[PDB]
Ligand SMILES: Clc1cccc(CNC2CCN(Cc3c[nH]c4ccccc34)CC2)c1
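Taking the form deposited without the named molecule, here's one chain by itself in structure tokens.
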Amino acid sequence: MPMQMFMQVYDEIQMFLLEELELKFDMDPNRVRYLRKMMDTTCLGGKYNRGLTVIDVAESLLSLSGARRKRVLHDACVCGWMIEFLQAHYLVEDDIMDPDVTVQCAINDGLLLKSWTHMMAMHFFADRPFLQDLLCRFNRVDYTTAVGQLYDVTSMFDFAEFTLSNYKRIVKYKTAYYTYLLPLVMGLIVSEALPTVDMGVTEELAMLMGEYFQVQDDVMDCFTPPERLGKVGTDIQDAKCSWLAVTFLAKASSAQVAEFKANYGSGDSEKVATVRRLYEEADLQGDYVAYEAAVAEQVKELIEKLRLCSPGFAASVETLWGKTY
């Protein structure tokens, strides 16, 4: 029922965007179908975890608080696609990083996906009292992500910044704000119950879940084979400030750090294997189970504090935590 409604509102949103281009932007049919195919390719095909979280929060604030019900759920679906289209916008920008007309189109597709989140918000929420507060919290989170990738892209340039605190800062702004905090806040906005929750505990829960999500991602990126991971892990080659790297530097010897510096950030097959050898011989995958266990305890505790004043809201955050845990 939730997924079936989410994909149904997608067709409704796609129809408005393409008809608006046809009727108000004088677009020919050939380009309308071109943009339909581009929209389906970039937005669909994922797990839609961020978009469905917006709906799961809204439905918990309805029965646990009807013409108001049908509006809030439909509003939660548009917000759910604002994030999915935003996630599509981020993925398209990543493909550009790694008169060529196809490079111009990829850049243009990235800016159309970001603009499409504003057009679907200005239309379906045109007469909602939260349209101004939604756009500002949405734009501030998008700004946050761009600041997050500046820390990530330049974490090796200016191994001084390879610390656990800077790692938290990178994960916090690049990932946690738009993947975990943004859908929860968006569910509270369409439910009109935003000031009914402790945002402090809410923001702290989102940062810890994003940190839990990124550490597990960094370990899989290094040890999970490509056919089981879904991609080719390139964190060691890209010289990324991963959790394995900053945890290794804290427990390595003086020589092992020198052997790490001489082999990290390279594309040679044996230098990468030498980095995995240092990771393996340092028992990092033993520390991984302990680090995440402490994070899960903090999440289990912080959900309870959010429950004394938000019982139903804590149920959806608990469901969102299970998808990450």
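Each form is matched to the other, and the largest set of C-alpha atoms that superpose within 1.5 Å is called the rigid core. Shifts are known only where both forms have a C-alpha. Residue indices: 1-based, along the sequence shown.
Just so it is clear, the following notes concern the form deposited with the named molecule bound, a form of the same protein that is not shown.
- The candidate spot formed by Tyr167, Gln214 and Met220 lies fully in contact with the named molecule in the bound PDB entry, as each residue has a heavy atom within 4.5 Å of it.
- From the list 123-131, 169-177, 68-76, 251-259, the contact stretch for the named molecule in the bound PDB entry under a 4.5 Å heavy atom rule is 169-177.
- Heavy atoms of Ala160 never reach within 4.5 Å of the named molecule in the bound PDB entry, leaving it off the interface.
- Contact annotation for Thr224: at least one heavy atom lies within 4.5 Å of the named molecule in the bound PDB entry.
- Mapping the unseen interface onto this chain, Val201 falls outside it, with no heavy atom inside 4.5 Å of the named molecule in the bound PDB entry.
- Though the partner is left out of this view, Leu208 does not reach within 4.5 Å of the named molecule in the bound PDB entry, counting heavy atoms only.
- Shown here without the named molecule, the chain has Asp218, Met220, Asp221, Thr224, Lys231, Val232, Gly233, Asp235, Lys240, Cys241, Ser242 in 218-246 lying with a heavy atom within 4.5 Å of that partner in the bound PDB entry.
- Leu229 is the only residue from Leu229, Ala252, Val147, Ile107 whose Cα shifts by 2 Å or more between the shown form and the other one, the rigid core being superposed.
- Core superposition between the shown form and the other one reveals the following runs of 3 or more residues with every CA shifted by 2 angstroms or more: 63-65, 227-230.
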